[PDB]
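See below for the structure under consideration.
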Amino acid sequence: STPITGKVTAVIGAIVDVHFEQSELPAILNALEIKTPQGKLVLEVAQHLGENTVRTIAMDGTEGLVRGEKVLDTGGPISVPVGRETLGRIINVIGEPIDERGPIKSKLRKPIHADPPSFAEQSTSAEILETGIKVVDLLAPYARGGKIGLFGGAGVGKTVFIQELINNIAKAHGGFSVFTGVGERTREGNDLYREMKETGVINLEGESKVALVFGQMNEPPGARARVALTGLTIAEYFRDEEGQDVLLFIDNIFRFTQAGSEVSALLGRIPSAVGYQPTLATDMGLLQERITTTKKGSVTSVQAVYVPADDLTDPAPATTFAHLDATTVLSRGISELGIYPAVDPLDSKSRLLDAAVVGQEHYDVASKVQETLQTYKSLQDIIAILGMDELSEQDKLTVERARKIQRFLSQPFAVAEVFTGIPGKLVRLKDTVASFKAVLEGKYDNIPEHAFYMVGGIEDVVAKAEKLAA
Amino acid sequence: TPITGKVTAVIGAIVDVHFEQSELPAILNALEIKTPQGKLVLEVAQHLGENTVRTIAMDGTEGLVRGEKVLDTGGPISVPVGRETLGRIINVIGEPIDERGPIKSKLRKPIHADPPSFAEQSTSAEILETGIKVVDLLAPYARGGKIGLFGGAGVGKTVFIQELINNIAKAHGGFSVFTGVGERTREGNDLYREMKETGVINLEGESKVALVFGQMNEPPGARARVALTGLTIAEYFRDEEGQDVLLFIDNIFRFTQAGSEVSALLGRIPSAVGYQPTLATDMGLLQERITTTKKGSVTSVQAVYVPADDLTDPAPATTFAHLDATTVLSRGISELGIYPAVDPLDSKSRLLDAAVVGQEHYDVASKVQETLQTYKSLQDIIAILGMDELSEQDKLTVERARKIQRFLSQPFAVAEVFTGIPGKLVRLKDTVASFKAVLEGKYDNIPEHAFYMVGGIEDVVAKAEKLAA
Amino acid sequence: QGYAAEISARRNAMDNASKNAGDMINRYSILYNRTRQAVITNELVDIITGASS
Amino acid sequence: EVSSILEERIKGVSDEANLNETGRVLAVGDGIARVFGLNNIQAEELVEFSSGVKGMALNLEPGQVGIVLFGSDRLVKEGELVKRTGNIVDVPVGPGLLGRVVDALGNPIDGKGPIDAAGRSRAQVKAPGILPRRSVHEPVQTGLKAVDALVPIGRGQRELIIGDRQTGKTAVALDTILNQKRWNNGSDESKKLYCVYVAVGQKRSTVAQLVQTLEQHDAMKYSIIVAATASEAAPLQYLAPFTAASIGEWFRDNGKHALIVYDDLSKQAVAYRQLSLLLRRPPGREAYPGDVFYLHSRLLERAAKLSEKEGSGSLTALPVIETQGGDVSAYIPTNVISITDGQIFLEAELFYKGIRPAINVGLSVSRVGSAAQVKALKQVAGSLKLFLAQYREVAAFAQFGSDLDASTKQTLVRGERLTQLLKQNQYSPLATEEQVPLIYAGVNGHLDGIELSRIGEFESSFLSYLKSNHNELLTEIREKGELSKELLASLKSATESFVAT
């Protein structure tokens with residue numbers, strides 16, 4: 001109103017407490033700006049502690065601050081800019097373009113915090129997204145407007161997997177996309193910037209069918225926390241106001257959990273189990289609940305998750321595990337087998353995988369795959385000690401098919417025409433169902449195992465067999 | 001300085017004094033409360049303001065009456081050093097507890113002394129051979145070094161040190177310091193008697209050894225500064241006398257442990273496992289006050305009581321960092337009956353190198369390590385299925401390794417009572433030869449029992465004949 | 001004669017294997033139980049330390 | 001003499017202070033002072049306590065500003081006045097740091113006279129942005145063939161050396177520094193990496209041996225040694241990586257390429273723990289304060305391959321984390337693993353097995369991949385990854401000792417020889433130009449035949465043979481750095497010729 005002047009009282013960490021002027025109250029989740037020699041430090045009001053002394057969390061570095069110094073109040077949550085002008089620039093957490101494409105020409109601004117749509121608003125249709133990645137398509141098809149979840153290890157081509165998805169699905173998609181990176185390396189960032197300029201999804205002079213919000217780990221933990229909220233609000237504008245479909249991407253959401261855990265500690269809350277914030281459930285919930293397919297629009301989130309030390313029993317992945325619609329696990333073992341995608345075939349479950357939804361044929365084919373692979377794994381121990389010679393004749397044929405199927409999963413990625421230099425492949429959904437059917441029927445039991453490795457469709461399995469035969 | 005005070009608190013052995021005058025002693029000054037128990041020596045550790053210091057009490061605090069008069073001795077406690085120390089057992093205060101009356105003092109020096117500088121450092125390269133086969137083979141010691149032992153204390157740990165004293169310190173001669181932090185009083189008495197018997201202490205004559213002893217009955221706080229006191233005695237030799245010394249510390253776990261006890265009372269937020277937050281600094285300072293400067297070279301032997309024998313415990317872990325060589329001795333290897341019980345895959349020295357002890361030694365050691373590691377690798381398979389179900393090639397390795405394991409036991413003369421076997425010291429040159437032969441399977445044709453509890457290769461050959469009869 | 005000796009030996013041997021494996025089950029069971037308790041204690045201590053502050 | 005000039009300088013420091021901020025020490029103890037006053041006080045400021053103790057200030061409280069001493073409190077005493085320096089912590093940065101051991105405050109502790117400093121800089125400096133960064137494209141060769149082949153090092157990359165305590169832990173890193181002698185001695189400034197070895201938490205004797213080793217290999221003529229020995233204050237230890245980083249940035253800023261080894265960050269965490277818990281900050285997860293991730297991340301993100309508009313600058317980082325009991329789920333190891341772009345897991349069992357350098361190839365990754373691997377070396381080591389992976393699988397089956405089929409034993413035989421090929425003598429890196437042949441031989445299966453025992457002999461001899469005959473070929477491998485058809489044929493012939501020796 002009349003800028004509430006505050007004097008810092010304590011610079012502790014990210015927590016900086018301000019002592020706003022008496023008889024003029026600030027409010028929960030407000031935004032304070034402190035004029036600083038470098039920009040405006042933004043402090044988000046996070047508690048009131050009385051005597052008009054608030055305890056606020058920093059969103060920018062707190063070095064050099066002098067205890068006491070005027071703090072203006074800009075009020076309400078940090079308000080980012082939203083628009084169709086936001087497409088085509090990298091925008092940091094405090095809503096400033098960090099790619100220096102000049103100040104975004106704001107139409108509207110919106111607060112970082114927003115309320116999840118009501119039960120009445122939320123109505124979600126089951127539609128089937130096509131990934132093109134064979135393993136994904138057959139064994140856990142993705143669903144339009146879904147909440148796809150890339151549970152996996154640390155950067156185990158985690159970035160790469162997302163990159164393949166952007167390369168295929170995003171370019172294909174008519175909707176906008178928002179690439180939001182929470183606490184990720186600037187090497188990865190610079191590569192993404194360059195690559196998405198290269199793939200032309202960003203055309204600097206041209207149009208950009210994507211916006212970027214790059215939040216990097218070289219930002220205070222507090223700032224790291226509200227990267228997610230910022231990106232989401234851009235998506236809300238797309239979903240609602242622009243009324244278009246979207247295809248949200250957030251990376252890596254363990255960084256979102258981790259960030260919140262840290263500032264929880266700073267907020268003085270007694271640490272919860274395995275040091276996670278005691279508000280973890282509701283905070284995760286606010287993020288996930290905000291993302292939904294309303295009547296207004298549809299947003300297809302793909303959220304990366306890093307499973308610390310590949311223990312999904314760890315509370316942070318486990319809490320996320322419920323909240324995401326179409327789980328996919330990328331496992332160390334499969335990566336190590338040299339199978340890239342690293343997707344764990346018997347540990348991939350999707351909401352839409354129901355027989356009616358994906359069609360009876362798709363279901364039946366995939367059911368046969370699941371049994372075959374699970375059999376192969378159960379028999380693997382037996383092969384290990386006893387050998388393969390002590391197994392049933394039927395079992396021996398099943399093992400042979402399973403090894404073939406195991407490397408039939410392999411597909412070279414379009415974005416690994418750098419990593420492996422092998423031309424990528426997009427295999428039609430129907431074609432994959434057909435091709436897997438043939439294998440299961442054993443109409444390619446005259447094909448050697450390596451002629452299934454990094455192939456595409458049925459045509460490719462045959463072609464690579466002929467090539468190898470020579 | 002005569003600064004009266006009253007005792008505001010007596011929270012454990014961490015008395016707090018409140019000076020009434022505005023002259024306030026600094027941190028690490030020392031105070032004497034005079035009582036019918038004589039002086040009690042306390043050391044300022046915090047200033048808590050309002051003319052109220054909080055002091056660690058290095059003597060027992062039972063019977064104190066609050067408000068009791070204090071007087072400030074001023075500055076760090078000054079022990080008395082010289083060569084006159086040699087032939088004394090001294091208490092933490094510096095009292096002559098071997099009751100040879102007042103120690104003829106030359107220079108009395110503050111317990112706290114800053115560690116010598118980076119410039120002052122002088123790096124060792126000496127070979128110090130102990131004639132202990134396992135030591136010689138696996139991880140040779142060096143003069144000036146920091147030697148390290150880990151495992152259960154005085155469960156054989158004390159004996160190991162005693163063997164080292166028996167071997168190294170007569171050959172070394174010159175000044176030597178034994179400092180025993182929180183040791184069993186009876187064991188200390190045994191050491192005192194033994195030392196006098198072996199003439200290292202000759203009380204009629206002169207003693208080329210000095211002793212500092214801190215009993216485990218001594219209050220935790222007292223035990224904390226036993227170590228610092230001993231280091232001062234060592235420094236006088238290292239610096240002022242400038243003659244090479246020796247130093248024994250047993251256990252330096254007691255140093256850490258003592259700190260953890262006082263830490264809680266002092267008012268520190270407990271760090272992991274419960275250890276003091278100043279664990280890293282205190283250990284660091286202590287271990288850099290033990291070093292080989294250009295002024296002098298002090299061979300130190302440090303004994304770590306690993307609690308529950310978990311090396312992952314933060315206090316043993318941070319000890320492992322400051323040692324120059326370690327020879328971790330494992331309870332498992334003790335169960336195997338091998339005395340010395342040094343784990344052979346958990347020993348290291350920066351002195352084991354193919355330059356330092358030459359390629360031939362290094363090659364011999366390499367093969368031992370490989371053989372034993374294989375044997376460790378096949379332990380699972382051995383248990384689940386018989387050794388006959390291992391590969392024939394592997395069975396040779398297993399048989400060799402079983403022999404190596406048995407071979408590694410070397411009877412110790414200090415443990416002569418316990419073993420009942422007369423000890424034997426085997427030359428470094430001899431050790432390399434003995435293992436070389438065994439590795440080439442030259443003498444592999446005679447029972448494992450032949451290799452069991454006996455010395456050098458020649459002794460094994462003879463012991464085969466003994467068994468053969 | 002040989003084939004019978006082979007299969008007979010295999011039976012005897014695998015039986016002795018089962019015994020050896022059982023002992024190992026018990027040994028690792030004790031380790032498991034100790035380890036489980038220790039985890040509870042170590043986690044609890046962290047919680048206490050936080051609460052104490 | 002020298003004394004008269006020193007006394008003249010001392011006389012030459014006079015002139016009253018106006019002490020615009022004062023405050024009185026009150027609660028002081030544990031080396032962590034807290035002073036009442038200092039109404040003006042920048043955060044992270046350096047404050048000179050009146051006793052010749054300087055302490056940075058990390059907590060500003062509306063009562064008592066908590067100034068962490070850089071000295072011992074045995075020189076501090078209650079009610080002292082403190083005068084704010086008025087400068088946030090800063091270090092001299094310059095070319096003169098080359099060939100100098102320096103402590104945290106930039107005093108030469110090797111006392112090779114005052115540092116020739118071209119500037120001063122500040123401890124915290126924000127990391128290179130997305131915009132001023134260009135993609136890595138410049139190899140860095142460690143001269144450890146296994147490292148180069150499996151986890152190639154580039155410039156601006158962060159790769160974490162992780163593994164069990166002091167398993168020559170320092171030595172693994174030291175080898176990299178030593179191989180940089182080949183380019184460094186060379187006058188190619190576009191291949192000059194000035195090397196900064198940062199030693200935190202190590203005793204003076206350890207450091208002294210290391211600097212001596214560096215002098216022995218006469219590599220100290222390009223090394224900067226930043227040290228913070230274990231005696232030195234926990235605040236100084238905490239500040240020590242960040243002031244090393246700035247020293248690196250002067251090179252980086254000049255566009256000159258450099259590499260900073262941060263050995264060991266694990267002791268930084270202990271230091272920050274001590275510091276935080278005696279700043280009374282709420283205890284973090286696993287007692288390490290919960291903002292350690294932020295601390296480590298900001299430090300690590302300052303090594304980067306700056307854009308070509310930023311003159312292709314590149315500070316390269318190699319963090320080193322000791323895993324206590326090999327616990328990879330511990331909070332501090334977990335945090336670092338995420339931050340970094342590689343893992344270079346060292347395994348103790350394989351060390352004991354005699355695979356030195358010891359690398360568990362499954363737990364070792366380079367997420368920045370072979371974009372920084374030498375083009376020639378990429379061609380030769382193409383299926384080396386596959387072979388090793390097959391070897392691992394095969395080895396597991398082999399433990400059960402079931403009668404292995406010939407296909408499994410082809411792998412087994414090949415694999416065994418490869419493992420022996422990888423091994424290298426500590427403190428003796430090998431030239432990459434002469435590592436490319438060895439890998440060619442192995443990958444083209446010539447060594448698969450050769451008996452395991454005499455692989456080591458063969459390796460030595462092969463190099464001698466190539467030095468004798470195919471030294472024209474070796475020159476070409478260096479010069480053209482990609483094996484052309486002609487080179488591949490020449491090399492193939494050479495190897496074939498040397499099969500029977």
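Ordering of the structure tokens sets the chain letters (A, B, ...); residue numbers start at 1 within each chain; ligands are numbered from 1 in the order shown.
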
Name the residues in contact with residue B:419 at a cut-off of 12 Å, using only C-alpha atoms, excluding same-chain residues fewer than 5 positions from it; report them as an mmCIF file with C-alpha atoms, in the first residue's frame.
data_model
loop_
_atom_site.group_PDB
_atom_site.id
_atom_site.type_symbol
_atom_site.label_atom_id
_atom_site.label_comp_id
_atom_site.auth_asym_id
_atom_site.auth_seq_id
_atom_site.Cartn_x
_atom_site.Cartn_y
_atom_site.Cartn_z
ATOM 1 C CA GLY B 156 46.151 -58.330 22.974
ATOM 2 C CA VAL B 159 50.536 -56.883 24.469
ATOM 3 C CA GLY B 337 44.133 -67.952 16.865
ATOM 4 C CA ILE B 338 46.770 -66.032 14.956
ATOM 5 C CA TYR B 339 48.708 -63.920 17.414
ATOM 6 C CA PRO B 340 49.704 -61.393 16.175
ATOM 7 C CA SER B 409 51.787 -66.344 13.275
ATOM 8 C CA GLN B 410 55.032 -65.407 14.960
ATOM 9 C CA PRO B 411 55.401 -66.289 18.666
ATOM 10 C CA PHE B 412 56.247 -63.227 20.764
ATOM 11 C CA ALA B 413 58.631 -63.264 23.658
ATOM 12 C CA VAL B 414 56.579 -60.764 25.605
ATOM 13 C CA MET B 453 52.491 -70.933 15.685
ATOM 14 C CA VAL B 454 56.128 -71.035 14.586
#

Handout entry: Selection near residue A:440, 10 Å with only C-alpha atoms, sequence-local residues under 4 positions removed, as JSON, numbers by chain
Key = {"A": [365, 366, 368, 369, 372, 398, 401, 402, 404, 405, 435, 436, 444, 445]}

Could you build a table of the residues in chain C lying no more than 9 Å from chain B, giving for each the nearest pair of atoms and their separation in Å rounded to one decimal place, using only C-alpha atoms, ordered by chain and ascending residue number, as a tab-separated table?
residue	atom	partner	partner_atom	distance
C:13	CA	B:385	CA	8.4
C:14	CA	B:385	CA	8.4
C:16	CA	B:385	CA	8.2
C:17	CA	B:385	CA	5.7
C:18	CA	B:384	CA	8.3
C:19	CA	B:384	CA	8.9
C:20	CA	B:384	CA	5.8
C:21	CA	B:384	CA	5.8
C:24	CA	B:384	CA	8.1
C:42	CA	B:273	CA	8.0
C:45	CA	B:273	CA	8.1
C:46	CA	B:272	CA	7.9
C:49	CA	B:270	CA	7.2
C:52	CA	B:269	CA	8.8
C:53	CA	B:269	CA	7.6

Could you please take those selected residues and save C-alpha atoms as a compact mmCIF listing (two decimals), in the first residue's frame?
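Written out: selection20.txt:
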# COMPACT_ATOMS: atom_id res chain seq x y z
CA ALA C 13 26.75 -83.98 -1.25
CA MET C 14 23.69 -81.81 -1.83
CA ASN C 16 25.48 -81.85 3.24
CA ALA C 17 25.13 -78.58 1.33
CA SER C 18 21.63 -78.06 2.74
CA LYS C 19 23.04 -78.46 6.25
CA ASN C 20 25.82 -75.95 5.62
CA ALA C 21 23.33 -73.50 4.12
CA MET C 24 24.47 -69.80 7.34
CA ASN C 42 20.42 -44.99 15.06
CA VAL C 45 18.89 -41.00 18.08
CA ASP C 46 18.81 -38.57 15.18
CA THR C 49 18.91 -34.92 18.76
CA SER C 52 16.31 -31.84 22.02
CA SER C 53 17.23 -28.70 20.17

Would you kindly report the residues of chain A within 9 Å of chain C, using only C-alpha atoms, as a PDB file with N, CA and C atoms, in the first residue's frame?
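The file below, out_1.pdb, is the result:
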ATOM      1  N   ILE A 270      10.721 -29.713  13.332  1.00  0.00           N
ATOM      2  CA  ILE A 270      11.454 -30.864  13.817  1.00  0.00           C
ATOM      3  C   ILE A 270      11.566 -31.814  12.646  1.00  0.00           C
ATOM      4  N   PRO A 271      12.730 -32.244  12.152  1.00  0.00           N
ATOM      5  CA  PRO A 271      12.857 -33.059  10.949  1.00  0.00           C
ATOM      6  C   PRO A 271      12.031 -34.310  10.997  1.00  0.00           C
ATOM      7  N   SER A 272      11.440 -34.741   9.859  1.00  0.00           N
ATOM      8  CA  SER A 272      10.595 -35.911   9.816  1.00  0.00           C
ATOM      9  C   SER A 272      11.483 -37.052   9.421  1.00  0.00           C
ATOM     10  N   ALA A 273      10.875 -38.174   8.980  1.00  0.00           N
ATOM     11  CA  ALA A 273      11.543 -39.430   8.785  1.00  0.00           C
ATOM     12  C   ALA A 273      12.459 -39.313   7.621  1.00  0.00           C
ATOM     13  N   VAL A 274      13.695 -39.821   7.827  1.00  0.00           N
ATOM     14  CA  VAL A 274      14.836 -39.785   6.939  1.00  0.00           C
ATOM     15  C   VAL A 274      15.091 -38.352   6.522  1.00  0.00           C
ATOM     16  N   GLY A 275      14.874 -37.439   7.493  1.00  0.00           N
ATOM     17  CA  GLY A 275      15.205 -36.048   7.432  1.00  0.00           C
ATOM     18  C   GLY A 275      14.340 -35.271   6.496  1.00  0.00           C
TER      19      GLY A 275
END

Exercise for the section: Could you please select, counting only C-alpha atoms, the residues of chain A within 6 Å of chain D and state them as a list in words? Expected result: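 The answer, sorted by residue number, is residues 9, 10, 11, 12, 63, 64, 65, 66, 186, 190, 218, 262, 275 and 385 of chain A.
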
So that I have them on file, write out the residues from the current selection with C-alpha atoms, as a PDB file, in the first residue's frame.
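Resulting contents of again_36.pdb:
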ATOM      1  CA  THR A   9      16.735  -8.515  12.262  1.00  0.00           C
ATOM      2  CA  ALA A  10      18.514 -11.754  11.621  1.00  0.00           C
ATOM      3  CA  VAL A  11      20.412 -13.091   8.673  1.00  0.00           C
ATOM      4  CA  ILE A  12      20.648 -16.721   9.627  1.00  0.00           C
ATOM      5  CA  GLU A  63      25.721 -12.562   1.347  1.00  0.00           C
ATOM      6  CA  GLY A  64      26.715  -9.046   2.328  1.00  0.00           C
ATOM      7  CA  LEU A  65      23.324  -8.208   3.877  1.00  0.00           C
ATOM      8  CA  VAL A  66      23.461  -5.665   6.662  1.00  0.00           C
ATOM      9  CA  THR A 186      24.440 -25.810 -16.004  1.00  0.00           C
ATOM     10  CA  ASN A 190      23.566 -25.288 -21.730  1.00  0.00           C
ATOM     11  CA  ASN A 218      23.752 -22.991  -7.895  1.00  0.00           C
ATOM     12  CA  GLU A 262      16.412 -28.242   3.593  1.00  0.00           C
ATOM     13  CA  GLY A 275      15.205 -36.048   7.432  1.00  0.00           C
ATOM     14  CA  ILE A 385      23.584 -72.693 -10.423  1.00  0.00           C
TER      15      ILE A 385
END

Exercise for the section: Find the residues in chain B near chain D: any atom within 6 Å counts, using only C-alpha atoms. Write them as an MDAnalysis selection string. Expected result: chainID B and resid 26:27 46:49 118:119 271:272 277 284:285 312 370

Suppose we keep N, CA, C and O atoms; can you now write the selection as a CSV table (one decimal), in the first residue's frame?
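Written out: out29.csv:
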chain,number,residue,atom,x,y,z
B,26,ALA,N,41.9,-15.6,30.9
B,26,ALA,CA,41.6,-15.9,29.6
B,26,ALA,C,41.4,-17.4,29.5
B,26,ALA,O,41.6,-18.2,30.4
B,27,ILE,N,41.0,-17.9,28.2
B,27,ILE,CA,40.6,-19.3,28.0
B,27,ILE,C,41.8,-20.1,27.9
B,27,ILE,O,42.8,-19.7,27.3
B,46,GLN,N,35.3,-21.9,28.7
B,46,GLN,CA,34.4,-21.0,28.1
B,46,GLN,C,34.4,-19.8,28.9
B,46,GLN,O,34.6,-19.8,30.1
B,47,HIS,N,34.0,-18.6,28.3
B,47,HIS,CA,33.7,-17.5,29.0
B,47,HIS,C,32.3,-17.4,28.7
B,47,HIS,O,31.9,-17.3,27.6
B,48,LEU,N,31.4,-17.3,29.8
B,48,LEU,CA,30.0,-17.3,29.6
B,48,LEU,C,29.6,-15.9,30.0
B,48,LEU,O,28.4,-15.6,30.0
B,49,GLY,N,30.5,-14.9,30.2
B,49,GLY,CA,30.1,-13.6,30.4
B,49,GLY,C,29.6,-13.3,31.8
B,49,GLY,O,29.4,-14.2,32.6
B,118,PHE,N,54.2,-25.8,8.9
B,118,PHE,CA,54.4,-26.5,7.6
B,118,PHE,C,55.8,-26.5,7.2
B,118,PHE,O,56.3,-27.5,6.7
B,119,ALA,N,56.5,-25.3,7.4
B,119,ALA,CA,57.9,-25.1,7.1
B,119,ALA,C,58.7,-26.0,7.9
B,119,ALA,O,59.7,-26.5,7.5
B,271,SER,N,27.1,-34.3,18.3
B,271,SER,CA,27.3,-34.6,16.9
B,271,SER,C,27.0,-36.1,16.9
B,271,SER,O,26.6,-36.7,17.9
B,272,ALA,N,27.0,-36.7,15.6
B,272,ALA,CA,26.7,-38.0,15.4
B,272,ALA,C,27.4,-39.0,16.2
B,272,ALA,O,28.6,-38.9,16.5
B,277,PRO,N,31.4,-32.0,18.9
B,277,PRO,CA,31.6,-31.3,17.6
B,277,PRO,C,33.0,-30.9,17.4
B,277,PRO,O,33.4,-30.9,16.2
B,284,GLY,N,42.9,-33.3,15.5
B,284,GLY,CA,43.7,-32.7,14.6
B,284,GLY,C,44.9,-32.0,15.2
B,284,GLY,O,46.1,-32.2,14.9
B,285,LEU,N,44.6,-31.2,16.3
B,285,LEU,CA,45.6,-30.4,17.0
B,285,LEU,C,46.5,-31.4,17.7
B,285,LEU,O,47.7,-31.2,17.6
B,312,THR,N,33.6,-48.0,11.3
B,312,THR,CA,32.8,-47.0,10.7
B,312,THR,C,32.4,-45.9,11.7
B,312,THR,O,31.9,-44.9,11.4
B,370,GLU,N,47.5,-60.9,-3.1
B,370,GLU,CA,46.6,-61.5,-4.1
B,370,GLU,C,46.1,-62.8,-3.6
B,370,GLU,O,44.9,-63.1,-3.8

Please identify all polymer residues within 9 Å of residue B:278, counting only C-alpha atoms, omitting same-chain residues fewer than 4 positions from it, and present them as an mmCIF file with N, CA, C and O atoms, in the first residue's frame.
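Just written: selection_38.cif:
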data_model
loop_
_atom_site.group_PDB
_atom_site.id
_atom_site.type_symbol
_atom_site.label_atom_id
_atom_site.label_comp_id
_atom_site.auth_asym_id
_atom_site.auth_seq_id
_atom_site.Cartn_x
_atom_site.Cartn_y
_atom_site.Cartn_z
ATOM 1 N N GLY B 259 36.814 -36.425 25.685
ATOM 2 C CA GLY B 259 36.289 -35.211 25.142
ATOM 3 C C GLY B 259 34.808 -35.264 24.955
ATOM 4 O O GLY B 259 34.108 -34.293 25.212
ATOM 5 N N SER B 260 34.286 -36.410 24.491
ATOM 6 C CA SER B 260 32.882 -36.596 24.282
ATOM 7 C C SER B 260 32.114 -36.534 25.569
ATOM 8 O O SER B 260 30.963 -36.111 25.582
ATOM 9 N N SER B 263 32.002 -32.876 26.690
ATOM 10 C CA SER B 263 31.356 -32.069 25.686
ATOM 11 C C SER B 263 29.925 -31.831 26.021
ATOM 12 O O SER B 263 29.441 -30.706 25.938
ATOM 13 N N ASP B 282 40.072 -31.266 17.818
ATOM 14 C CA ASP B 282 40.867 -31.690 18.942
ATOM 15 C C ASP B 282 41.814 -32.770 18.545
ATOM 16 O O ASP B 282 42.985 -32.749 18.919
ATOM 17 N N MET B 283 41.324 -33.740 17.749
ATOM 18 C CA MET B 283 42.148 -34.806 17.263
ATOM 19 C C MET B 283 43.219 -34.264 16.370
ATOM 20 O O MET B 283 44.366 -34.684 16.444
ATOM 21 N N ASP D 30 34.655 -22.238 22.525
ATOM 22 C CA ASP D 30 34.605 -23.238 21.490
ATOM 23 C C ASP D 30 35.169 -22.699 20.210
ATOM 24 O O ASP D 30 35.006 -23.295 19.153
ATOM 25 N N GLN D 274 30.824 -28.810 12.282
ATOM 26 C CA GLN D 274 31.323 -28.286 13.523
ATOM 27 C C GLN D 274 30.911 -26.861 13.638
ATOM 28 O O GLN D 274 30.384 -26.422 14.654
#

Handout entry: Separation of atom CA of residue A:53 from atom CA of residue A:6 in Å
Key =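 Interatomic distance here is 8.7 Å.
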
Practice task
Show which residues sit within 8 Å of residue D:431, as a list in words. Count only C-alpha atoms, and ignore same-chain residues fewer than 3 positions away.
Solution key: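 My list of contacting residues is residues 143, 179, 434 and 435 of chain D.
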
Practice task
Rank nothing, just name the residue among A:242, A:60, A:400, A:121 nearest to residue A:221, using only C-alpha atoms.
Solution key: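 Going through A:242, A:60, A:400, A:121 one by one, the smallest distance to residue A:221 is for A:60.
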
Exercise for the section: Can you pull out every residue within 10 Å of residue A:324, counting only C-alpha atoms, but drop anything in the same chain fewer than 2 positions away, and send it as number ranges by chain? Expected result: A: 146-151, 288, 301-303, 319-322, 326-328, 350-351

Exercise for the section: Name all residues at most 10 Å from residue B:343 (count only C-alpha atoms; drop same-chain ones fewer than 2 positions away) and give them as a PyMOL selection string. Expected result: chain B and resi 134+150+327-334+338+340-341+345-347

Exercise for the section: Could you tell me, as a count of residues only, which residues of stretch 207-444 of chain B DSSP assigns to alpha helix (DSSP H) when given the backbone? Expected result: 110

Practice task
Extract the full set of strand (DSSP E) residues from stretch 142-333 of chain A according to DSSP on the backbone, and format it as a PyMOL selection string.
Solution key: chain A and resi 143-144+147-152+177-184+210-216+248-251+301-306+326-330

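Minimum atom-to-atom distance to residue A:82, evaluated using only C-alpha atoms, belongs to A:234 out of A:461, A:329, A:156, A:234.
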
Exercise for the section: Name all residues at most 9 Å from stretch 15-25 of chain A (count only C-alpha atoms; drop same-chain ones fewer than 3 positions away) and give them as a count of residues only. Expected result: 25
